[PDB]
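Data first, discussion second: the structure below is written as structure tokens.
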2 protein chains.
Amino acid sequence: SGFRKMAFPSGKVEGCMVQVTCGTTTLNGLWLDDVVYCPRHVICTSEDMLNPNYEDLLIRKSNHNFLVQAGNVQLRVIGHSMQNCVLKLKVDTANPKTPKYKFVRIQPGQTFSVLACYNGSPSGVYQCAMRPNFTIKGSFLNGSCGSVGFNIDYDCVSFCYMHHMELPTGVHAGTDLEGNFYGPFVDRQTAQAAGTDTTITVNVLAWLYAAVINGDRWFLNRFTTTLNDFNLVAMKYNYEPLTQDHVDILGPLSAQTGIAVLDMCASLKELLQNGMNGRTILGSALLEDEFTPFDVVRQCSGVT
Amino acid sequence: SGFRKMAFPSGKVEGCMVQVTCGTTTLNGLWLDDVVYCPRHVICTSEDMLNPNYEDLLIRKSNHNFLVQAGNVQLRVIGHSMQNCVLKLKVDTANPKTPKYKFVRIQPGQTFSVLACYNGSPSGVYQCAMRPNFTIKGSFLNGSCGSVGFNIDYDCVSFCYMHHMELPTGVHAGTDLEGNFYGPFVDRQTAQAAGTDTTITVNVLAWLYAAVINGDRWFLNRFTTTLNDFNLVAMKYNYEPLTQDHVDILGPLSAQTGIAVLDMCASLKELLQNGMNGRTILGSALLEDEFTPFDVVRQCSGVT
Ligand SMILES: O=C(CC1CCCCC1)Nc1cccnc1
Ligand SMILES: O=C(CC1CCCCC1)Nc1cccnc1
């Protein structure tokens, strides 16, 4: 019993973290097989960061200008190329710690573990959601860039996120491992407002199922609702509209708990309309939206 | 910027996790040098678990009855002994992944990372506090026992916690790595009520400093207070009394932010007396007490 914002075990990712230095700027790289993936803003200087001409900047850089250090051993860089907003540095050595891995572009609402890194060294790990507005609410300083998000299916590490920039609002933006930004963000030093952030309704419901499973049930009411009723309430409170897809994905939690999805929606509806009246659910005084139905099933059954 | 309930990178601990099986019961072991540390209730059967005579039970067990498996290779067990509530299984092979480590008994209020494990396999990692009543609010199922808590100072893993039992209230109890329970708990199948849990006041203050640093400051007021005034308010609300020690430890956050500790106490006082009025601090609708002043400094500066 008990329920925690649990991150994936970070060991398989630790073994892939390197330091990347170009001119003066240092940040993190991801060493998989004989390629190191890092943010392309590694090649920038403070005078460039306004509106960097990454193509013109990269012309001026040679394999020898990319200092790649794994612990206390340097990697020889035999190739460099720019794919969208990441650099691929071909090195002469395969990372002997390369886990089974894929590159996956996650969907907003989907969760992942971040291993925050500085100078290619891990500092810690936490679980995150891709916000509906394609931002993450991270813990990232100068030198945390190139830290990656991931999921792990048994032995396969799915890399979904590379950290690039912090918005003036203090929220985080980043790319997939093909260096495509999640959201409209560009790697520049300009004000870039994040759209309206909605609450990930299906994740709140999944978390309400986790609560019931772990014995927090005071919020179960004698009401039901309809997708269309519930969604009128969702709109008001900037929740994502609930679809039959979302309901289908909650089926395992519905089946286990025997609480129909639309009944739980009616619990959610009442919590939105009346607040929590100074009570808590799984040690939280607000509605947690960063556990997927998958996350709840995994943790509540103990998948490894 | 941003602030997260961050766990230590779990890789150094993953490499120490094994499976321990005695009779039918399976749970987790910790393989360091040529010793495997596991909960002694591994030797119990469901008929024993009421009031187990661990000494008499252990008589009946031989080195060959302790099946110790690291991934898909068995360890030969050349010795077994009981220290308090853990078993030390001497194996013929040193764990080649043994990190630098110590065994440290933590103080209540101190935090640590848990790597929850099943069948010697990691499932995930989260940050925890030893509650003032020597319980932890974990995420642990059947087979999670022998999962360990830890801190990491650069390269040294300090093991502080081994998970043993869940109380009927669904809160967790466990030992240091010398198998001494934190708190009054015994490894039996009896109702064992946990004392009153207080809020770890110094950690809330440290978290209030983290909030101010990350730009959440709406709770800063024009008031101050005194240790003795503040502590009258602490009592009412079951906060731990604040001491000069606690104030001394907040000095780095006070100095950085230039907000005297007793001023922040006066912020805390008002939050206790008036609640949060439906606002949030670092994405929380209640007062977080599971970040130490050390934790806040580490994360806000980015120690690795
Ligand atoms: O965002 C920047 C600088 C950006 C990076 C992209 C190019 C313009 C400059 N640094 C940073 C700081 C804290 C957390 N994350 C990232
Ligand atoms: O607590 C028990 C059984 C206790 C263990 C000690 C001896 C009496 C039996 N199992 C469990 C379940 C979930 C999380 N943690 C532990």
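Naming scheme: A, B, ... for chains in displayed order of the structure tokens; residues 1 onward per chain; ligands 1 onward as shown.
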Distance-based interface of chain A with chain B, 7 Å, counting only C-alpha atoms, as a PDB file with N, CA, C and O atoms, in the first residue's frame:
ATOM      1  N   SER A   1       0.839  -1.201   0.000  1.00  0.00           N
ATOM      2  CA  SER A   1       0.000   0.000   0.000  1.00  0.00           C
ATOM      3  C   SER A   1       0.876   1.254   0.000  1.00  0.00           C
ATOM      4  O   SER A   1       2.115   1.135  -0.029  1.00  0.00           O
ATOM      5  N   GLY A   2       0.232   2.417   0.037  1.00  0.00           N
ATOM      6  CA  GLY A   2       0.876   3.723  -0.160  1.00  0.00           C
ATOM      7  C   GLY A   2       1.007   4.000  -1.635  1.00  0.00           C
ATOM      8  O   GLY A   2       1.005   3.028  -2.407  1.00  0.00           O
ATOM      9  N   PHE A   3       1.154   5.269  -2.016  1.00  0.00           N
ATOM     10  CA  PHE A   3       1.250   5.678  -3.432  1.00  0.00           C
ATOM     11  C   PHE A   3       2.156   6.901  -3.501  1.00  0.00           C
ATOM     12  O   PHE A   3       1.980   7.826  -2.709  1.00  0.00           O
ATOM     13  N   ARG A   4       3.131   6.861  -4.396  1.00  0.00           N
ATOM     14  CA  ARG A   4       4.215   7.859  -4.480  1.00  0.00           C
ATOM     15  C   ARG A   4       4.410   8.243  -5.934  1.00  0.00           C
ATOM     16  O   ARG A   4       4.315   7.355  -6.782  1.00  0.00           O
ATOM     17  N   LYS A   5       4.737   9.517  -6.170  1.00  0.00           N
ATOM     18  CA  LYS A   5       5.281  10.036  -7.446  1.00  0.00           C
ATOM     19  C   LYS A   5       6.655   9.382  -7.693  1.00  0.00           C
ATOM     20  O   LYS A   5       7.706   9.972  -7.350  1.00  0.00           O
ATOM     21  N   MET A   6       6.628   8.189  -8.277  1.00  0.00           N
ATOM     22  CA  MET A   6       7.785   7.283  -8.423  1.00  0.00           C
ATOM     23  C   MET A   6       8.444   7.533  -9.771  1.00  0.00           C
ATOM     24  O   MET A   6       7.702   7.574 -10.759  1.00  0.00           O
ATOM     25  N   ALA A   7       9.768   7.704  -9.814  1.00  0.00           N
ATOM     26  CA  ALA A   7      10.537   7.786 -11.078  1.00  0.00           C
ATOM     27  C   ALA A   7      11.012   6.380 -11.454  1.00  0.00           C
ATOM     28  O   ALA A   7      11.030   5.510 -10.586  1.00  0.00           O
ATOM     29  N   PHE A   8      11.321   6.148 -12.725  1.00  0.00           N
ATOM     30  CA  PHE A   8      12.001   4.910 -13.180  1.00  0.00           C
ATOM     31  C   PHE A   8      13.373   4.821 -12.506  1.00  0.00           C
ATOM     32  O   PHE A   8      13.948   5.830 -12.095  1.00  0.00           O
ATOM     33  N   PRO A   9      13.912   3.597 -12.327  1.00  0.00           N
ATOM     34  CA  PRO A   9      15.267   3.418 -11.807  1.00  0.00           C
ATOM     35  C   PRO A   9      16.177   4.033 -12.869  1.00  0.00           C
ATOM     36  O   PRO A   9      15.900   3.824 -14.038  1.00  0.00           O
ATOM     37  N   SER A  10      17.137   4.850 -12.470  1.00  0.00           N
ATOM     38  CA  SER A  10      17.868   5.767 -13.391  1.00  0.00           C
ATOM     39  C   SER A  10      19.210   5.182 -13.844  1.00  0.00           C
ATOM     40  O   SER A  10      19.872   5.825 -14.712  1.00  0.00           O
ATOM     41  N   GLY A  11      19.612   4.029 -13.300  1.00  0.00           N
ATOM     42  CA  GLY A  11      20.924   3.391 -13.569  1.00  0.00           C
ATOM     43  C   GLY A  11      21.213   3.256 -15.069  1.00  0.00           C
ATOM     44  O   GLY A  11      22.282   3.724 -15.536  1.00  0.00           O
ATOM     45  N   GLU A  14      22.057   6.758 -16.282  1.00  0.00           N
ATOM     46  CA  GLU A  14      23.317   7.252 -15.674  1.00  0.00           C
ATOM     47  C   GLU A  14      24.485   6.836 -16.576  1.00  0.00           C
ATOM     48  O   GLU A  14      25.246   7.711 -17.025  1.00  0.00           O
ATOM     49  N   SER A 121      27.246  14.762 -14.923  1.00  0.00           N
ATOM     50  CA  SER A 121      27.079  14.032 -13.648  1.00  0.00           C
ATOM     51  C   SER A 121      25.629  14.090 -13.198  1.00  0.00           C
ATOM     52  O   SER A 121      25.040  15.174 -13.187  1.00  0.00           O
ATOM     53  N   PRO A 122      25.027  12.946 -12.801  1.00  0.00           N
ATOM     54  CA  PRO A 122      23.684  12.939 -12.224  1.00  0.00           C
ATOM     55  C   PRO A 122      23.619  13.711 -10.900  1.00  0.00           C
ATOM     56  O   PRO A 122      24.555  13.608 -10.122  1.00  0.00           O
ATOM     57  N   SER A 123      22.541  14.467 -10.679  1.00  0.00           N
ATOM     58  CA  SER A 123      22.222  15.092  -9.369  1.00  0.00           C
ATOM     59  C   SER A 123      21.006  14.384  -8.757  1.00  0.00           C
ATOM     60  O   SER A 123      21.075  14.030  -7.566  1.00  0.00           O
ATOM     61  N   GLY A 124      19.954  14.138  -9.546  1.00  0.00           N
ATOM     62  CA  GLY A 124      18.808  13.342  -9.065  1.00  0.00           C
ATOM     63  C   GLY A 124      17.796  12.963 -10.132  1.00  0.00           C
ATOM     64  O   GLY A 124      17.956  13.312 -11.320  1.00  0.00           O
ATOM     65  N   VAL A 125      16.743  12.284  -9.693  1.00  0.00           N
ATOM     66  CA  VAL A 125      15.676  11.777 -10.590  1.00  0.00           C
ATOM     67  C   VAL A 125      14.284  12.099 -10.008  1.00  0.00           C
ATOM     68  O   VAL A 125      14.057  11.997  -8.778  1.00  0.00           O
ATOM     69  N   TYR A 126      13.366  12.484 -10.889  1.00  0.00           N
ATOM     70  CA  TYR A 126      11.957  12.772 -10.538  1.00  0.00           C
ATOM     71  C   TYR A 126      11.081  12.464 -11.747  1.00  0.00           C
ATOM     72  O   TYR A 126      11.595  12.486 -12.876  1.00  0.00           O
ATOM     73  N   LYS A 137       7.236  20.948 -15.932  1.00  0.00           N
ATOM     74  CA  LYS A 137       7.527  21.722 -14.712  1.00  0.00           C
ATOM     75  C   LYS A 137       8.698  20.999 -14.061  1.00  0.00           C
ATOM     76  O   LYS A 137       8.464  20.045 -13.291  1.00  0.00           O
ATOM     77  N   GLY A 138       9.911  21.385 -14.456  1.00  0.00           N
ATOM     78  CA  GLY A 138      11.148  20.671 -14.090  1.00  0.00           C
ATOM     79  C   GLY A 138      11.811  21.235 -12.842  1.00  0.00           C
ATOM     80  O   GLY A 138      11.199  22.037 -12.117  1.00  0.00           O
ATOM     81  N   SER A 139      13.010  20.749 -12.558  1.00  0.00           N
ATOM     82  CA  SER A 139      14.001  21.348 -11.642  1.00  0.00           C
ATOM     83  C   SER A 139      15.310  21.318 -12.436  1.00  0.00           C
ATOM     84  O   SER A 139      15.966  20.269 -12.469  1.00  0.00           O
ATOM     85  N   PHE A 140      15.646  22.439 -13.078  1.00  0.00           N
ATOM     86  CA  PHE A 140      16.759  22.573 -14.052  1.00  0.00           C
ATOM     87  C   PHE A 140      17.460  23.926 -13.879  1.00  0.00           C
ATOM     88  O   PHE A 140      16.766  24.957 -13.930  1.00  0.00           O
ATOM     89  N   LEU A 141      18.789  23.917 -13.714  1.00  0.00           N
ATOM     90  CA  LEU A 141      19.645  25.137 -13.661  1.00  0.00           C
ATOM     91  C   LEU A 141      20.477  25.228 -14.943  1.00  0.00           C
ATOM     92  O   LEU A 141      20.419  24.279 -15.747  1.00  0.00           O
ATOM     93  N   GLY A 170       9.654  30.307 -15.924  1.00  0.00           N
ATOM     94  CA  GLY A 170      10.329  29.290 -15.091  1.00  0.00           C
ATOM     95  C   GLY A 170       9.800  27.884 -15.329  1.00  0.00           C
ATOM     96  O   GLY A 170       9.958  27.045 -14.449  1.00  0.00           O
ATOM     97  N   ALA A 285      -3.226  18.071  -1.362  1.00  0.00           N
ATOM     98  CA  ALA A 285      -4.395  18.943  -1.121  1.00  0.00           C
ATOM     99  C   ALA A 285      -4.907  19.461  -2.463  1.00  0.00           C
ATOM    100  O   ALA A 285      -5.770  20.316  -2.474  1.00  0.00           O
ATOM    101  N   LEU A 286      -4.408  18.939  -3.568  1.00  0.00           N
ATOM    102  CA  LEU A 286      -4.996  19.272  -4.890  1.00  0.00           C
ATOM    103  C   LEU A 286      -5.048  17.996  -5.722  1.00  0.00           C
ATOM    104  O   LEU A 286      -4.591  16.938  -5.243  1.00  0.00           O
ATOM    105  N   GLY A 302       3.143  -3.506  -9.193  1.00  0.00           N
ATOM    106  CA  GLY A 302       4.578  -3.552  -8.855  1.00  0.00           C
ATOM    107  C   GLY A 302       5.426  -4.074  -9.998  1.00  0.00           C
ATOM    108  O   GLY A 302       6.442  -4.744  -9.706  1.00  0.00           O
ATOM    109  N   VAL A 303       5.044  -3.760 -11.243  1.00  0.00           N
ATOM    110  CA  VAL A 303       5.821  -4.073 -12.486  1.00  0.00           C
ATOM    111  C   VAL A 303       7.290  -3.681 -12.259  1.00  0.00           C
ATOM    112  O   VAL A 303       7.520  -2.645 -11.625  1.00  0.00           O
ATOM    113  N   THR A 304       8.232  -4.473 -12.781  1.00  0.00           N
ATOM    114  CA  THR A 304       9.701  -4.228 -12.741  1.00  0.00           C
ATOM    115  C   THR A 304      10.274  -4.403 -14.154  1.00  0.00           C
ATOM    116  O   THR A 304      11.415  -4.012 -14.425  1.00  0.00           O
TER     117      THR A 304
END
Please list as a short mmCIF file (atom, residue, chain, number, x, y, z; two decimals) with C-alpha atoms, in the first residue's frame every residue within 12 Å of residue 31 of chain B, counting only C-alpha atoms and excluding residues in the same chain fewer than 4 positions away.
data_model
loop_
_atom_site.label_atom_id
_atom_site.label_comp_id
_atom_site.auth_asym_id
_atom_site.auth_seq_id
_atom_site.Cartn_x
_atom_site.Cartn_y
_atom_site.Cartn_z
CA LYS B 12 24.76 2.59 -7.53
CA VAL B 13 21.96 0.85 -5.51
CA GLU B 14 20.40 -1.08 -8.47
CA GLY B 15 23.76 -2.93 -8.81
CA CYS B 16 23.41 -4.19 -5.17
CA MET B 17 19.82 -5.52 -5.37
CA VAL B 18 19.35 -9.33 -5.25
CA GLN B 19 16.47 -11.76 -4.74
CA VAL B 20 16.38 -13.79 -1.51
CA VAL B 35 27.55 -10.08 2.28
CA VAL B 36 23.82 -10.04 1.36
CA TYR B 37 21.58 -8.13 3.83
CA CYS B 38 17.81 -9.00 3.83
CA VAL B 68 20.31 -15.80 -3.56
CA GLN B 69 19.97 -14.79 -7.22
CA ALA B 70 21.48 -11.63 -8.84
CA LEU B 75 25.22 -16.79 -5.31
CA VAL B 77 25.99 -18.83 0.49
CA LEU B 87 20.14 -11.66 8.02
CA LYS B 88 23.76 -11.36 6.84
CA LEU B 89 24.32 -14.06 4.15
CA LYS B 90 28.07 -14.44 3.47
CA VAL B 91 28.45 -15.37 -0.25
CA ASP B 92 31.69 -16.64 -1.96
CA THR B 93 31.77 -13.66 -4.42
CA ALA B 94 32.22 -9.90 -3.73
CA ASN B 95 29.57 -7.86 -5.58
CA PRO B 96 31.74 -6.38 -8.40
CA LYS B 97 29.30 -3.38 -8.36
CA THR B 98 29.80 -2.65 -4.58
CA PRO B 99 29.90 1.18 -4.47
CA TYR B 101 29.04 2.92 1.09
CA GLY B 120 15.46 -8.33 -6.52
CA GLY B 146 14.44 -5.61 1.64
CA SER B 147 14.11 -2.51 -0.57
CA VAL B 148 16.55 0.01 0.99
CA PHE B 159 22.36 3.08 3.42
CA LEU B 177 21.36 -1.88 7.93
#
Going by DSSP on the backbone, which bits of segment 104-271 of chain A are strand (DSSP E)? Write them as an MDAnalysis selection string, please. chainID A and resid 111:118 121:129 148:153 156:166 172:175
Let's have the selection written as a compact mmCIF listing (two decimals), in the first residue's frame, with N, CA, C and O atoms.
# COMPACT_ATOMS: atom_id res chain seq x y z
N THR A 111 3.63 10.65 -19.01
CA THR A 111 4.62 10.94 -17.94
C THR A 111 5.99 10.38 -18.34
O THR A 111 6.09 9.60 -19.30
N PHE A 112 7.03 10.78 -17.63
CA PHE A 112 8.40 10.21 -17.79
C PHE A 112 9.29 10.61 -16.60
O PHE A 112 8.94 11.54 -15.85
N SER A 113 10.38 9.87 -16.43
CA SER A 113 11.44 10.16 -15.45
C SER A 113 12.51 11.06 -16.09
O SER A 113 12.89 10.83 -17.28
N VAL A 114 12.90 12.10 -15.35
CA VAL A 114 14.01 13.02 -15.70
C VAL A 114 15.18 12.67 -14.77
O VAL A 114 14.96 12.52 -13.55
N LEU A 115 16.37 12.48 -15.33
CA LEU A 115 17.63 12.38 -14.56
C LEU A 115 18.34 13.71 -14.82
O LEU A 115 18.98 13.84 -15.86
N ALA A 116 18.15 14.67 -13.92
CA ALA A 116 18.78 16.00 -13.97
C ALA A 116 20.28 15.78 -13.78
O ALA A 116 20.64 14.98 -12.86
N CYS A 117 21.10 16.39 -14.63
CA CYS A 117 22.56 16.21 -14.72
C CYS A 117 23.25 17.56 -14.85
O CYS A 117 22.66 18.44 -15.45
N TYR A 118 24.47 17.68 -14.30
CA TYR A 118 25.36 18.85 -14.46
C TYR A 118 26.77 18.33 -14.71
O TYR A 118 27.20 17.41 -13.98
N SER A 121 27.25 14.76 -14.92
CA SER A 121 27.08 14.03 -13.65
C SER A 121 25.63 14.09 -13.20
O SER A 121 25.04 15.17 -13.19
N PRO A 122 25.03 12.95 -12.80
CA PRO A 122 23.68 12.94 -12.22
C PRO A 122 23.62 13.71 -10.90
O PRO A 122 24.55 13.61 -10.12
N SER A 123 22.54 14.47 -10.68
CA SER A 123 22.22 15.09 -9.37
C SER A 123 21.01 14.38 -8.76
O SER A 123 21.08 14.03 -7.57
N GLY A 124 19.95 14.14 -9.55
CA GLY A 124 18.81 13.34 -9.06
C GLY A 124 17.80 12.96 -10.13
O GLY A 124 17.96 13.31 -11.32
N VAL A 125 16.74 12.28 -9.69
CA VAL A 125 15.68 11.78 -10.59
C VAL A 125 14.28 12.10 -10.01
O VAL A 125 14.06 12.00 -8.78
N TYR A 126 13.37 12.48 -10.89
CA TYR A 126 11.96 12.77 -10.54
C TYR A 126 11.08 12.46 -11.75
O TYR A 126 11.60 12.49 -12.88
N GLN A 127 9.80 12.22 -11.48
CA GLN A 127 8.75 11.91 -12.47
C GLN A 127 8.07 13.20 -12.86
O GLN A 127 7.84 14.04 -11.97
N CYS A 128 7.72 13.30 -14.14
CA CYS A 128 7.28 14.53 -14.85
C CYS A 128 6.09 14.17 -15.73
O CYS A 128 6.00 13.00 -16.12
N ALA A 129 5.31 15.17 -16.17
CA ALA A 129 4.35 15.02 -17.27
C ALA A 129 4.69 16.03 -18.35
O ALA A 129 5.02 17.14 -18.00
N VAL A 148 17.96 14.15 -19.90
CA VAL A 148 16.96 13.50 -20.78
C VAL A 148 15.84 12.95 -19.91
O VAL A 148 16.13 12.60 -18.73
N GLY A 149 14.63 12.93 -20.46
CA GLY A 149 13.50 12.15 -19.90
C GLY A 149 13.41 10.77 -20.53
O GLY A 149 13.85 10.59 -21.67
N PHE A 150 12.77 9.82 -19.86
CA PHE A 150 12.71 8.43 -20.37
C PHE A 150 11.61 7.65 -19.66
O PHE A 150 11.15 8.03 -18.56
N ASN A 151 11.24 6.54 -20.29
CA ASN A 151 10.45 5.44 -19.69
C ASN A 151 11.28 4.17 -19.83
O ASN A 151 12.26 4.18 -20.58
N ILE A 152 10.92 3.12 -19.10
CA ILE A 152 11.63 1.82 -19.18
C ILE A 152 10.59 0.71 -19.19
O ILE A 152 9.86 0.56 -18.19
N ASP A 153 10.51 -0.04 -20.29
CA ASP A 153 9.70 -1.29 -20.41
C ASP A 153 10.63 -2.49 -20.21
O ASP A 153 11.31 -2.90 -21.18
N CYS A 156 14.15 -2.14 -21.90
CA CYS A 156 14.23 -1.13 -22.99
C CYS A 156 13.95 0.27 -22.42
O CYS A 156 12.83 0.51 -21.88
N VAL A 157 14.94 1.15 -22.56
CA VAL A 157 14.85 2.59 -22.21
C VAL A 157 14.31 3.33 -23.42
O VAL A 157 15.00 3.37 -24.43
N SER A 158 13.11 3.91 -23.30
CA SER A 158 12.54 4.80 -24.35
C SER A 158 12.85 6.24 -23.95
O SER A 158 12.21 6.77 -23.01
N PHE A 159 13.79 6.84 -24.65
CA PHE A 159 14.16 8.26 -24.49
C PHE A 159 13.07 9.08 -25.15
O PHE A 159 12.83 8.88 -26.32
N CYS A 160 12.44 9.99 -24.41
CA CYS A 160 11.34 10.83 -24.95
C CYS A 160 11.71 12.30 -24.91
O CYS A 160 11.11 13.07 -25.67
N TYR A 161 12.61 12.70 -24.02
CA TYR A 161 12.85 14.13 -23.75
C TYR A 161 14.35 14.44 -23.63
O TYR A 161 15.08 13.76 -22.89
N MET A 162 14.77 15.53 -24.26
CA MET A 162 16.07 16.18 -23.96
C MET A 162 15.78 17.64 -23.54
O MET A 162 15.02 18.33 -24.26
N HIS A 163 16.31 18.05 -22.39
CA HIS A 163 16.09 19.42 -21.85
C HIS A 163 16.92 20.48 -22.59
O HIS A 163 18.17 20.33 -22.70
N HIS A 164 16.26 21.53 -23.08
CA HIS A 164 16.95 22.65 -23.77
C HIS A 164 16.88 23.98 -23.03
O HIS A 164 17.93 24.53 -22.70
N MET A 165 15.68 24.51 -22.78
CA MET A 165 15.60 25.88 -22.23
C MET A 165 14.50 26.03 -21.18
O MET A 165 13.56 25.21 -21.15
N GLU A 166 14.68 27.05 -20.36
CA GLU A 166 13.73 27.48 -19.32
C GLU A 166 13.08 28.75 -19.87
O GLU A 166 13.83 29.65 -20.36
N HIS A 172 9.73 24.54 -18.27
CA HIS A 172 10.83 23.95 -19.07
C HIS A 172 10.31 23.51 -20.45
O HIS A 172 9.13 23.14 -20.60
N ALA A 173 11.17 23.61 -21.44
CA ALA A 173 10.90 23.18 -22.82
C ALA A 173 12.12 22.41 -23.32
O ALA A 173 13.24 22.63 -22.80
N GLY A 174 11.90 21.55 -24.31
CA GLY A 174 12.88 20.54 -24.74
C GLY A 174 12.42 19.81 -25.97
O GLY A 174 11.32 20.15 -26.50
N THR A 175 13.20 18.81 -26.40
CA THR A 175 12.99 18.12 -27.69
C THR A 175 12.81 16.62 -27.46
O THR A 175 13.10 16.12 -26.34
- Query: segment 234-249 of chain B: which residues within 7 Å, counting only C-alpha atoms, same-chain residues fewer than 5 positions away excluded, as an MDAnalysis selection string?
  - Reply: chainID B and resid 198:202 227 261 293
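We find atom CA of residue 204 of chain A and atom CA of residue 295 of chain A to be spaced 11.7 Å apart.
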